[PDB]
Amino acid sequence: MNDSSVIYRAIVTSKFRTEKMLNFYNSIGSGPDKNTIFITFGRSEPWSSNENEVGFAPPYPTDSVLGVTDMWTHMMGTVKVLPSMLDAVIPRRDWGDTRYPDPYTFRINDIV
Amino acid sequence: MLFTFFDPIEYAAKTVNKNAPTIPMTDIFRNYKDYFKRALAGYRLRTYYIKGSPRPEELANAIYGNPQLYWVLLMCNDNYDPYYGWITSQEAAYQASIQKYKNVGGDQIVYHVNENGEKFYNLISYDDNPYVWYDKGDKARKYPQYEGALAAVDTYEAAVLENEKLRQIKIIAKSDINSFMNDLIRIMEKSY
Amino acid sequence: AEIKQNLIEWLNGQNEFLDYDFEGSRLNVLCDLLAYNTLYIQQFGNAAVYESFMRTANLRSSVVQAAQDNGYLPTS
Amino acid sequence: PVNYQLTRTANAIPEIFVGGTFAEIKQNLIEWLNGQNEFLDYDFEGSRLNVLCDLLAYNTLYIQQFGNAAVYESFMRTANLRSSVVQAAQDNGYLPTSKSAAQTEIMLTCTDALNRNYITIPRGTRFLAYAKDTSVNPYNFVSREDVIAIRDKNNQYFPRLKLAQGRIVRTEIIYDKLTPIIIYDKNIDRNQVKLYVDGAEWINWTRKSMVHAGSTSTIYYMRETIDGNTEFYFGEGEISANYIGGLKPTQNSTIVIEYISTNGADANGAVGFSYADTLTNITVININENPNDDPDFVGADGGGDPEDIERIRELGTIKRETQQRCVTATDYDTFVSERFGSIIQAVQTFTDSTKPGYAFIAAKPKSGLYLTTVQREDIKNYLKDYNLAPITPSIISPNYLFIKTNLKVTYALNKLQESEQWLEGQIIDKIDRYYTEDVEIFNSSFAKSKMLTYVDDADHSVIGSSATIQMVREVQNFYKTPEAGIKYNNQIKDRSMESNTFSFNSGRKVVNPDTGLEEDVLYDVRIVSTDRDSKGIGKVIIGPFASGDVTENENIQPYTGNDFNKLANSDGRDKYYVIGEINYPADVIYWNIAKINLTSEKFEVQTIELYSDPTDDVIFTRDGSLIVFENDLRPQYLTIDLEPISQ
Amino acid sequence: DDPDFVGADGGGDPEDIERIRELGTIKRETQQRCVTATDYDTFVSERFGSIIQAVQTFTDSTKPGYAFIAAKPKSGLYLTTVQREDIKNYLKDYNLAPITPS
Amino acid sequence: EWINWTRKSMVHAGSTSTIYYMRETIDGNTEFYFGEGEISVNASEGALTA
Amino acid sequence: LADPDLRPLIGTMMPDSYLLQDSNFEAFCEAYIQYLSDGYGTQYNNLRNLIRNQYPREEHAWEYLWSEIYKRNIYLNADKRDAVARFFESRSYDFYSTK
Amino acid sequence: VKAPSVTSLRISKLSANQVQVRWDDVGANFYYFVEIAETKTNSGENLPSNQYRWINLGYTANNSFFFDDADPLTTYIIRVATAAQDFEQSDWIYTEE
């Protein structure tokens, strides 16, 4: 608990954040065990009186089943995500572009 | 000299600053109040003097006793505080009121005193509203108390009401006190 | 001990010899408070020495203090 | 420490109380008087308005003691002045044993002329005892309880009883309910009291001999009311019991108190007792055996005198950790204590892991050494009532390590008064006072330098002193030693651990002159621990042997050499037999005479000293083994030389 | 349908002197624990005395850790189940230590 | 609702237990004072840890 | 709540302005009563409020410091120890009975 | 990965021209650098973050560095933080003015 007599230090490092991700993709496959993924599309209802504009925003969804249930009511169609389409990414810094703020530099550990 | 009566003893005070010097001191540790209590047996029915005057701390030299004894009035009421134990000049309580509440709240209303004397304590009316009183919290109302009406005693009045009820005392009647004190010694010389 | 306390303090006022205004009043008036004080405190302390001891220590609220501590809270 | 948050503090009187040195009071008052408030308009004078400041400062420094002392003796740990201490220790359920009386158990051999079975021996049965310092004068004794006897075979009785010191006194009183019944006399062990109320019984509360599960009312109370004179009183009960409380008397009763006069602690001597019995046909045949129990006996025990202030406190607060029950090792130490105390100097109870249950209790009586019995069985019972039910307490007694001094005080003849003797004895108690204060208790060591500074403190004429030293530790069963036992805890200084005496028997007959023959009981033996070697080694030997009795076989071939293994002085014909290990660095002794395979009947009485001398000057202790020197019981090792100086 | 009946109550504020005799009955009382062979007999008989009668508890050496208790019903002979079980509870809230009841 | 703990003793209620206490006062009033304890949980831990 | 300062009480027990004609007598006699009475640390307070300081949870109270558990806890937070050891000496009967 | 914030930051044996700071270890291999600031400006009272600036006094490999200068009746408000090779700097901590 708080302020215990013994005090320990634990990093959790980086790799666990990545290795945990790998296990996610490592079974997307085909079969009973491989739990494939499906994306899905949306609602037909005007959703409000002010609907199309910049200000205002949809109401924040809710994790409760009361919010889980309305999707399957308001949903049309589900595209599937193959194993091949998902991909792991990195911010892509590049040297020499003038468009992005700092042309070269790239301090210490950075990807170019 | 009806206090003292024994010896200085010596007060070591060795539990603090070891090898502290011994200082002869009037002996206040005897459990005197018991001697008085047991000795009083048989002299009871000491009447109720009612006081009646903001007599300063010593009326002993006026009423029963009068070798300026300044006690046997104390042991009467089992007074814990020789200052605020006795009643005080009417203004003193007022003076005592401020220093009590001076830090927080300022002057206040301690309780609202129903007739027949039912105290309330942090119960609050709303004027220009229903006439029924409410606690100082749950400002949503919904929980009324004491549908009736009464009158607050604020603060000054309370301190007056509280110290003024402190005037009654026992006496020993100015008759026994000599015969009494003649006993009160005997118990003392008894135990040694 | 009311007169004996002021009489002993009145001798120390002459230890400084001439105190000016301390002949009549003006000092003993302020030194009568010191005489009226040291008595009550000589008592009030003794009265306040015995509370935390239960079988001694009369009145009431002093008992219930020492009662519920190490004891039980008494019925209201 | 490491983290600064662990500083805290021990018991600390805050700066709020403390109290004045004088002149600092003069400083604070002047700053409060002159400054922040007035900026004097005072009409006295330039000097007077100054001078008058300390005139009321003596009023402060006075009222800063007279009234400020109360909070010192209001609490416990910071209080002084017994009275407050004691009176505040009863609400912790303690009481401080105002005095105590001696106790023994003697077995009377007497008989009656009527021959009637089941002879009684009522309460008082006045005895008298010298409690010897020389001879003159007795004190008194009373049995105080009951017992019974039985006639068997020849017509005799063995009404063995126990007895207290003083006489008795009984004062009956009418209870006024306004009248705080008390005693006033300087006496009356609260351990033993009766106090009937007009019927019987009234087993009270604060001290149970039974605890009588349930039983409700009939209790009474015993506290202090300072003054040394004990207070009795009764509960709030009604009995129209009502609900809970003391039964209370009813407005008028005969309240019969009986206590024991308890002459004092001067009676520790005991020894010879006399009958002084007049009852009925009981003859009082005498043959009175004071110690018919067990090994060495000091006489009576206890005697008390009131407990010191520094004792009460430590036992006063710890009894809040307990509530009238012992579940813990530190509880038995508080239950073997002024309740059963004055018969036990120190305890340190512990539990052995290999043997469940069986809470073990080491105890040293003030009489010294062993508690004998029935003073042990007594400590047994008083615990087991408040104990944790399944586990049984047991008194092992500690493992004693004494020390052999042989010191010389070398005084000067010029400045003495009582000369020798009186100084010979004046040096005793000073040494004895050193033990009782520092090293009497457990876990504490002693330094011979600290013993010598109490030696040199004898009076004046003694100047300088010095001693050799030997740690004496005596085995009980001998012949074997326990498994991995018999350890000093100190470095042994090899070429030490020297024998005692022993003896032999058998050796054929060897008749002598005069009468018919003898058993050849001469020709003793004794053990020596020899040398050190490559690491520990060192062996040990049983001792001198002539020839004949042994079993040589192939496993013995008695010898260590003419090397070390020093020789006993007799004919003795050497040929020392190897017996046991004795590893030096980690102190261990091992014997097991069965290695050379002799008969235990060939040895005389067991319980033999060994007593190696220490390496270092200071002698340590551990594992519940005391170092305590008691002279009066065993003089065997104390030797001092007064060799004088003429200037 | 009670016997002779008046509207019940509690008392007022308790007296003074009756307060003092209570703390003396606190220290001498072991609360929320049973440390003794006669303490089990005290708690078992105090609560359940309306059903249990005549209890004693005895600790047996060579079997440390149990402290058998012997209870008898005020009604029948043997103790029924969901009673023997219920007596074993309410001693688990206190108990102590090793040494658990039987 | 919290259970009135005024006399159950203490230990039987562990940490964070809703039990609340009450005592008397030197002037004769009543004090509802609660215990001392918190349910706070660390960041990287996740446990409750009374 | 402040509690009485004893300053107004005995202020009338002095013989008014008589026997000392200078105001330096009254204002001084005023501020001397402070050092006896009005305050936390002064005698009349430190005395009268005794037996009110026996209950450890109360402010300014002490003697819980002397307790065996205030001494032995290794809590790294310094304030919590003074919170829990000030507690538990309020109700000690709980733990000691349940040992 | 914030390096553990320092704890129990106290001042000891301060003089007019010398003041010393102490704090708990908090770790073996970390480092600590400190900041010092005046508060009152020429007998004025001023608002935080509108004042104090800060003055870096350097970093230390052990707790409790000893500081000099600090003209009398001025300065005050020390502040410390911890840092290391792989960790982001912790949060500042102030001592009792």
# chains A, B, ... in the order shown; residues from 1 in each chain; ligands from 1

call {"tool": "interface_residues", "arguments": {"of": "chain C", "to": "chain G", "cutoff": "10 Å", "atoms": "only C-alpha atoms", "output": "PDB file with N, CA, C and O atoms, in the first residue's frame"}}
result
ATOM      1  N   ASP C  21       5.180  55.373  43.926  1.00  0.00           N
ATOM      2  CA  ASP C  21       3.726  55.229  44.042  1.00  0.00           C
ATOM      3  C   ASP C  21       3.290  54.003  44.860  1.00  0.00           C
ATOM      4  O   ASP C  21       2.099  53.899  45.174  1.00  0.00           O
ATOM      5  N   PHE C  22       4.188  53.099  45.239  1.00  0.00           N
ATOM      6  CA  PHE C  22       3.829  51.851  45.896  1.00  0.00           C
ATOM      7  C   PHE C  22       3.558  52.012  47.386  1.00  0.00           C
ATOM      8  O   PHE C  22       3.329  51.009  48.069  1.00  0.00           O
ATOM      9  N   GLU C  23       3.585  53.238  47.910  1.00  0.00           N
ATOM     10  CA  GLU C  23       3.315  53.420  49.329  1.00  0.00           C
ATOM     11  C   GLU C  23       1.832  53.198  49.596  1.00  0.00           C
ATOM     12  O   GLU C  23       1.454  52.169  50.164  1.00  0.00           O
ATOM     13  N   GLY C  24       0.980  54.141  49.197  1.00  0.00           N
ATOM     14  CA  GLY C  24      -0.442  53.866  49.102  1.00  0.00           C
ATOM     15  C   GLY C  24      -0.793  53.301  47.735  1.00  0.00           C
ATOM     16  O   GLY C  24      -0.349  53.808  46.707  1.00  0.00           O
ATOM     17  N   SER C  25      -1.621  52.256  47.746  1.00  0.00           N
ATOM     18  CA  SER C  25      -2.213  51.652  46.553  1.00  0.00           C
ATOM     19  C   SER C  25      -1.209  51.464  45.420  1.00  0.00           C
ATOM     20  O   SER C  25      -0.032  51.174  45.658  1.00  0.00           O
ATOM     21  N   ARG C  26      -1.682  51.624  44.179  1.00  0.00           N
ATOM     22  CA  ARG C  26      -0.879  51.853  42.978  1.00  0.00           C
ATOM     23  C   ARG C  26       0.103  50.727  42.660  1.00  0.00           C
ATOM     24  O   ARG C  26       0.618  50.645  41.540  1.00  0.00           O
ATOM     25  N   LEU C  27       0.367  49.860  43.633  1.00  0.00           N
ATOM     26  CA  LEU C  27       1.218  48.692  43.453  1.00  0.00           C
ATOM     27  C   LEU C  27       0.532  47.489  44.076  1.00  0.00           C
ATOM     28  O   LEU C  27       0.224  46.508  43.394  1.00  0.00           O
ATOM     29  N   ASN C  28       0.327  47.558  45.396  1.00  0.00           N
ATOM     30  CA  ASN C  28      -0.456  46.545  46.090  1.00  0.00           C
ATOM     31  C   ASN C  28      -1.820  46.352  45.443  1.00  0.00           C
ATOM     32  O   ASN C  28      -2.385  45.256  45.507  1.00  0.00           O
ATOM     33  N   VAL C  29      -2.363  47.400  44.820  1.00  0.00           N
ATOM     34  CA  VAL C  29      -3.582  47.247  44.029  1.00  0.00           C
ATOM     35  C   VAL C  29      -3.354  46.235  42.912  1.00  0.00           C
ATOM     36  O   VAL C  29      -4.168  45.332  42.686  1.00  0.00           O
ATOM     37  N   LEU C  30      -2.237  46.374  42.197  1.00  0.00           N
ATOM     38  CA  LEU C  30      -1.833  45.375  41.217  1.00  0.00           C
ATOM     39  C   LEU C  30      -1.189  44.155  41.859  1.00  0.00           C
ATOM     40  O   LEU C  30      -1.153  43.093  41.229  1.00  0.00           O
ATOM     41  N   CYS C  31      -0.678  44.280  43.083  1.00  0.00           N
ATOM     42  CA  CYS C  31      -0.114  43.155  43.816  1.00  0.00           C
ATOM     43  C   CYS C  31      -1.155  42.409  44.639  1.00  0.00           C
ATOM     44  O   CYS C  31      -0.855  41.332  45.163  1.00  0.00           O
ATOM     45  N   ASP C  32      -2.365  42.956  44.779  1.00  0.00           N
ATOM     46  CA  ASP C  32      -3.449  42.184  45.373  1.00  0.00           C
ATOM     47  C   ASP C  32      -3.972  41.134  44.406  1.00  0.00           C
ATOM     48  O   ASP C  32      -4.425  40.069  44.838  1.00  0.00           O
ATOM     49  N   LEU C  33      -3.921  41.420  43.104  1.00  0.00           N
ATOM     50  CA  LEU C  33      -4.267  40.408  42.112  1.00  0.00           C
ATOM     51  C   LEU C  33      -3.314  39.225  42.200  1.00  0.00           C
ATOM     52  O   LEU C  33      -3.736  38.066  42.124  1.00  0.00           O
ATOM     53  N   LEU C  34      -2.019  39.502  42.374  1.00  0.00           N
ATOM     54  CA  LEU C  34      -1.042  38.428  42.512  1.00  0.00           C
ATOM     55  C   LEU C  34      -1.275  37.622  43.781  1.00  0.00           C
ATOM     56  O   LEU C  34      -0.995  36.418  43.813  1.00  0.00           O
ATOM     57  N   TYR C  36      -4.402  37.343  45.232  1.00  0.00           N
ATOM     58  CA  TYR C  36      -5.653  36.633  44.992  1.00  0.00           C
ATOM     59  C   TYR C  36      -5.479  35.533  43.956  1.00  0.00           C
ATOM     60  O   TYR C  36      -6.270  34.584  43.918  1.00  0.00           O
ATOM     61  N   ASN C  37      -4.453  35.638  43.111  1.00  0.00           N
ATOM     62  CA  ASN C  37      -4.201  34.619  42.099  1.00  0.00           C
ATOM     63  C   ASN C  37      -3.568  33.377  42.713  1.00  0.00           C
ATOM     64  O   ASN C  37      -4.141  32.284  42.656  1.00  0.00           O
ATOM     65  N   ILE C  41      -4.845  29.221  42.230  1.00  0.00           N
ATOM     66  CA  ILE C  41      -3.996  28.306  41.475  1.00  0.00           C
ATOM     67  C   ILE C  41      -3.366  27.271  42.397  1.00  0.00           C
ATOM     68  O   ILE C  41      -3.227  26.100  42.021  1.00  0.00           O
ATOM     69  N   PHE C  44      -6.735  25.276  42.609  1.00  0.00           N
ATOM     70  CA  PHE C  44      -7.232  24.808  41.320  1.00  0.00           C
ATOM     71  C   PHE C  44      -6.360  23.699  40.749  1.00  0.00           C
ATOM     72  O   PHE C  44      -6.877  22.731  40.185  1.00  0.00           O
ATOM     73  N   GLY C  45      -5.045  23.826  40.890  1.00  0.00           N
ATOM     74  CA  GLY C  45      -4.152  22.753  40.509  1.00  0.00           C
ATOM     75  C   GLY C  45      -4.465  21.475  41.257  1.00  0.00           C
ATOM     76  O   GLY C  45      -4.698  20.434  40.638  1.00  0.00           O
ATOM     77  N   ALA C  47      -7.175  20.677  42.815  1.00  0.00           N
ATOM     78  CA  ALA C  47      -8.466  20.205  42.331  1.00  0.00           C
ATOM     79  C   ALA C  47      -8.330  19.544  40.967  1.00  0.00           C
ATOM     80  O   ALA C  47      -9.029  18.570  40.668  1.00  0.00           O
ATOM     81  N   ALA C  48      -7.419  20.044  40.137  1.00  0.00           N
ATOM     82  CA  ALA C  48      -7.190  19.506  38.806  1.00  0.00           C
ATOM     83  C   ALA C  48      -6.121  18.426  38.768  1.00  0.00           C
ATOM     84  O   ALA C  48      -5.877  17.856  37.697  1.00  0.00           O
ATOM     85  N   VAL C  49      -5.465  18.140  39.893  1.00  0.00           N
ATOM     86  CA  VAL C  49      -4.531  17.021  39.901  1.00  0.00           C
ATOM     87  C   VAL C  49      -5.279  15.701  39.810  1.00  0.00           C
ATOM     88  O   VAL C  49      -4.899  14.812  39.039  1.00  0.00           O
ATOM     89  N   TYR C  50      -6.365  15.553  40.566  1.00  0.00           N
ATOM     90  CA  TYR C  50      -7.073  14.277  40.628  1.00  0.00           C
ATOM     91  C   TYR C  50      -8.321  14.381  39.761  1.00  0.00           C
ATOM     92  O   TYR C  50      -9.347  14.932  40.165  1.00  0.00           O
ATOM     93  N   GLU C  51      -8.216  13.841  38.549  1.00  0.00           N
ATOM     94  CA  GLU C  51      -9.331  13.500  37.675  1.00  0.00           C
ATOM     95  C   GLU C  51      -9.093  12.124  37.075  1.00  0.00           C
ATOM     96  O   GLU C  51      -9.876  11.196  37.299  1.00  0.00           O
ATOM     97  N   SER C  52      -8.010  11.996  36.306  1.00  0.00           N
ATOM     98  CA  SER C  52      -7.700  10.793  35.542  1.00  0.00           C
ATOM     99  C   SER C  52      -7.669   9.551  36.424  1.00  0.00           C
ATOM    100  O   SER C  52      -7.771   8.425  35.925  1.00  0.00           O
ATOM    101  N   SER C  61     -18.165  14.593  34.990  1.00  0.00           N
ATOM    102  CA  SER C  61     -17.570  14.575  33.657  1.00  0.00           C
ATOM    103  C   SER C  61     -16.114  14.141  33.687  1.00  0.00           C
ATOM    104  O   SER C  61     -15.592  13.637  32.686  1.00  0.00           O
ATOM    105  N   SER C  62     -15.442  14.327  34.822  1.00  0.00           N
ATOM    106  CA  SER C  62     -14.079  13.830  34.962  1.00  0.00           C
ATOM    107  C   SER C  62     -14.055  12.308  34.995  1.00  0.00           C
ATOM    108  O   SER C  62     -13.093  11.683  34.533  1.00  0.00           O
ATOM    109  N   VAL C  63     -15.105  11.691  35.536  1.00  0.00           N
ATOM    110  CA  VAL C  63     -15.158  10.232  35.587  1.00  0.00           C
ATOM    111  C   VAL C  63     -15.406   9.665  34.196  1.00  0.00           C
ATOM    112  O   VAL C  63     -14.671   8.790  33.725  1.00  0.00           O
ATOM    113  N   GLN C  65     -14.906  10.848  31.318  1.00  0.00           N
ATOM    114  CA  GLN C  65     -13.683  10.960  30.531  1.00  0.00           C
ATOM    115  C   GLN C  65     -12.776   9.766  30.785  1.00  0.00           C
ATOM    116  O   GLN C  65     -12.485   8.984  29.874  1.00  0.00           O
ATOM    117  N   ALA C  66     -12.324   9.610  32.029  1.00  0.00           N
ATOM    118  CA  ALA C  66     -11.540   8.448  32.423  1.00  0.00           C
ATOM    119  C   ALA C  66     -12.328   7.148  32.348  1.00  0.00           C
ATOM    120  O   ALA C  66     -11.716   6.076  32.406  1.00  0.00           O
ATOM    121  N   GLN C  68     -14.948   6.106  29.744  1.00  0.00           N
ATOM    122  CA  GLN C  68     -15.033   5.553  28.394  1.00  0.00           C
ATOM    123  C   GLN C  68     -13.658   5.241  27.824  1.00  0.00           C
ATOM    124  O   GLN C  68     -13.495   4.268  27.079  1.00  0.00           O
ATOM    125  N   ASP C  69     -12.654   6.040  28.163  1.00  0.00           N
ATOM    126  CA  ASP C  69     -11.285   5.653  27.858  1.00  0.00           C
ATOM    127  C   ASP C  69     -10.905   4.489  28.763  1.00  0.00           C
ATOM    128  O   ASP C  69     -11.026   4.590  29.988  1.00  0.00           O
ATOM    129  N   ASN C  70     -10.488   3.378  28.150  1.00  0.00           N
ATOM    130  CA  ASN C  70     -10.155   2.117  28.810  1.00  0.00           C
ATOM    131  C   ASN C  70     -11.438   1.411  29.254  1.00  0.00           C
ATOM    132  O   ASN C  70     -11.423   0.218  29.571  1.00  0.00           O
ATOM    133  N   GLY C  71     -12.551   2.128  29.277  1.00  0.00           N
ATOM    134  CA  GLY C  71     -13.855   1.580  29.618  1.00  0.00           C
ATOM    135  C   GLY C  71     -14.812   1.549  28.446  1.00  0.00           C
ATOM    136  O   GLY C  71     -14.406   1.470  27.281  1.00  0.00           O
ATOM    137  N   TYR C  72     -16.103   1.614  28.765  1.00  0.00           N
ATOM    138  CA  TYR C  72     -17.173   1.635  27.782  1.00  0.00           C
ATOM    139  C   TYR C  72     -17.853   2.991  27.867  1.00  0.00           C
ATOM    140  O   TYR C  72     -17.805   3.646  28.912  1.00  0.00           O
TER     141      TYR C  72
END

call {"tool": "closest_atom_pairs", "arguments": {"of": "chain F", "to": "chain A", "cutoff": "8 Å", "atoms": "only C-alpha atoms", "output": "JSON lines"}}
result
{"residue": "F:41", "atom": "CA", "partner": "A:1", "partner_atom": "CA", "distance": 7.8}
{"residue": "F:42", "atom": "CA", "partner": "A:2", "partner_atom": "CA", "distance": 7.9}
{"residue": "F:49", "atom": "CA", "partner": "A:1", "partner_atom": "CA", "distance": 5.3}
{"residue": "F:50", "atom": "CA", "partner": "A:1", "partner_atom": "CA", "distance": 7.1}

call {"tool": "select_by_dssp", "arguments": {"residues": "chain E", "states": "alpha helix (DSSP H)", "output": "list in words"}}
result
residues 17, 18, 19, 20, 21, 22, 23, 24, 25, 26, 27, 37, 38, 39, 40, 41, 42, 43, 44, 45, 46, 47, 48, 84, 85, 86, 87 and 88 of chain E

call {"tool": "write_last_selection", "arguments": {"atoms": "N, CA, C and O atoms", "output": "tab-separated table (two decimals), in the first residue's frame"}}
result
chain	number	residue	atom	x	y	z
E	17	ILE	N	-22.03	7.48	41.23
E	17	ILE	CA	-21.23	6.45	41.89
E	17	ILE	C	-21.31	5.12	41.15
E	17	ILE	O	-20.35	4.34	41.15
E	18	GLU	N	-22.44	4.84	40.49
E	18	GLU	CA	-22.56	3.60	39.73
E	18	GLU	C	-21.63	3.57	38.53
E	18	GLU	O	-21.36	2.49	37.99
E	19	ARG	N	-21.11	4.73	38.10
E	19	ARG	CA	-20.18	4.76	36.98
E	19	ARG	C	-18.83	4.17	37.38
E	19	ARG	O	-18.18	3.47	36.58
E	20	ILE	N	-18.39	4.44	38.61
E	20	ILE	CA	-17.04	4.09	39.03
E	20	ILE	C	-16.86	2.58	39.08
E	20	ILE	O	-15.82	2.05	38.68
E	21	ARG	N	-17.87	1.87	39.57
E	21	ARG	CA	-17.76	0.42	39.72
E	21	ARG	C	-17.75	-0.31	38.39
E	21	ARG	O	-17.55	-1.53	38.37
E	22	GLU	N	-17.97	0.39	37.28
E	22	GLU	CA	-18.01	-0.28	35.98
E	22	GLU	C	-16.62	-0.49	35.39
E	22	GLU	O	-16.33	-1.57	34.86
E	23	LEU	N	-15.74	0.51	35.47
E	23	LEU	CA	-14.40	0.34	34.91
E	23	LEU	C	-13.63	-0.75	35.65
E	23	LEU	O	-12.85	-1.48	35.04
E	24	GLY	N	-13.86	-0.87	36.96
E	24	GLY	CA	-13.32	-2.01	37.68
E	24	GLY	C	-13.82	-3.33	37.14
E	24	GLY	O	-13.12	-4.34	37.21
E	25	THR	N	-15.03	-3.34	36.59
E	25	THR	CA	-15.58	-4.52	35.94
E	25	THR	C	-15.22	-4.60	34.47
E	25	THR	O	-15.67	-5.53	33.79
E	26	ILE	N	-14.46	-3.64	33.95
E	26	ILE	CA	-13.97	-3.69	32.58
E	26	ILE	C	-12.61	-4.38	32.54
E	26	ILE	O	-12.45	-5.41	31.88
E	27	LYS	N	-11.63	-3.79	33.23
E	27	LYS	CA	-10.29	-4.39	33.29
E	27	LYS	C	-10.35	-5.86	33.65
E	27	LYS	O	-9.73	-6.70	33.00
E	37	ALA	N	-9.95	-21.52	30.01
E	37	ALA	CA	-10.87	-22.64	29.89
E	37	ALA	C	-12.26	-22.28	30.39
E	37	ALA	O	-13.25	-22.80	29.89
E	38	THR	N	-12.34	-21.38	31.37
E	38	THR	CA	-13.63	-20.94	31.90
E	38	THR	C	-14.21	-19.76	31.14
E	38	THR	O	-15.32	-19.32	31.45
E	39	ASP	N	-13.48	-19.22	30.16
E	39	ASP	CA	-14.02	-18.12	29.37
E	39	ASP	C	-14.97	-18.62	28.29
E	39	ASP	O	-16.01	-18.00	28.04
E	40	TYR	N	-14.64	-19.74	27.64
E	40	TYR	CA	-15.57	-20.35	26.70
E	40	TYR	C	-16.90	-20.66	27.38
E	40	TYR	O	-17.97	-20.35	26.85
E	41	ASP	N	-16.84	-21.26	28.57
E	41	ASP	CA	-18.05	-21.53	29.32
E	41	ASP	C	-18.80	-20.26	29.69
E	41	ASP	O	-20.01	-20.32	29.95
E	42	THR	N	-18.12	-19.12	29.72
E	42	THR	CA	-18.79	-17.87	30.04
E	42	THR	C	-19.56	-17.32	28.85
E	42	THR	O	-20.73	-16.92	28.99
E	43	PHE	N	-18.94	-17.29	27.67
E	43	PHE	CA	-19.62	-16.73	26.50
E	43	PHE	C	-20.67	-17.67	25.96
E	43	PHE	O	-21.76	-17.24	25.56
E	44	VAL	N	-20.38	-18.97	25.93
E	44	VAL	CA	-21.34	-19.94	25.41
E	44	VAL	C	-22.61	-19.93	26.25
E	44	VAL	O	-23.73	-19.94	25.72
E	45	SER	N	-22.46	-19.88	27.57
E	45	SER	CA	-23.62	-19.90	28.45
E	45	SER	C	-24.32	-18.56	28.56
E	45	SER	O	-25.50	-18.52	28.90
E	46	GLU	N	-23.62	-17.45	28.29
E	46	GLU	CA	-24.26	-16.14	28.40
E	46	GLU	C	-25.28	-15.94	27.29
E	46	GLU	O	-26.43	-15.59	27.54
E	47	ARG	N	-24.87	-16.16	26.04
E	47	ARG	CA	-25.76	-15.98	24.90
E	47	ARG	C	-26.74	-17.14	24.79
E	47	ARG	O	-27.96	-16.95	24.85
E	48	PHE	N	-26.22	-18.35	24.64
E	48	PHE	CA	-26.99	-19.54	24.31
E	48	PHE	C	-27.57	-20.24	25.53
E	48	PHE	O	-28.13	-21.33	25.39
E	84	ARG	N	-25.02	-27.31	16.82
E	84	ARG	CA	-23.60	-27.60	16.93
E	84	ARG	C	-22.81	-26.76	15.93
E	84	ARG	O	-21.73	-26.25	16.26
E	85	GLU	N	-23.33	-26.62	14.71
E	85	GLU	CA	-22.72	-25.70	13.76
E	85	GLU	C	-22.84	-24.26	14.21
E	85	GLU	O	-21.87	-23.49	14.12
E	86	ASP	N	-24.01	-23.86	14.70
E	86	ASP	CA	-24.24	-22.49	15.13
E	86	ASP	C	-23.55	-22.16	16.45
E	86	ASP	O	-23.20	-20.99	16.66
E	87	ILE	N	-23.35	-23.13	17.33
E	87	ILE	CA	-22.50	-22.88	18.49
E	87	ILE	C	-21.05	-22.70	18.06
E	87	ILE	O	-20.32	-21.91	18.68
E	88	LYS	N	-20.61	-23.41	17.02
E	88	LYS	CA	-19.24	-23.28	16.56
E	88	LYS	C	-18.99	-21.91	15.94
E	88	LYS	O	-17.88	-21.38	16.02

call {"tool": "interface_residues", "arguments": {"of": "chain A", "to": "chain G", "cutoff": "10 Å", "atoms": "only C-alpha atoms", "output": "MDAnalysis selection string"}}
result
chainID A and resid 2:6

call {"tool": "interface_residues", "arguments": {"of": "chain D", "to": "chain G", "cutoff": "7 Å", "atoms": "only C-alpha atoms", "output": "PyMOL selection string"}}
result
chain D and resi 5-6+10-12+16+33+38+40-43+64+68+321-323

call {"tool": "select_by_dssp", "arguments": {"residues": "chain A", "states": "strand (DSSP E)", "output": "MDAnalysis selection string"}}
result
chainID A and resid 37:38 80:81

call {"tool": "interface_residues", "arguments": {"of": "chain F", "to": "chain E", "cutoff": "10 Å", "atoms": "only C-alpha atoms", "output": "MDAnalysis selection string"}}
result
chainID F and resid 8:12
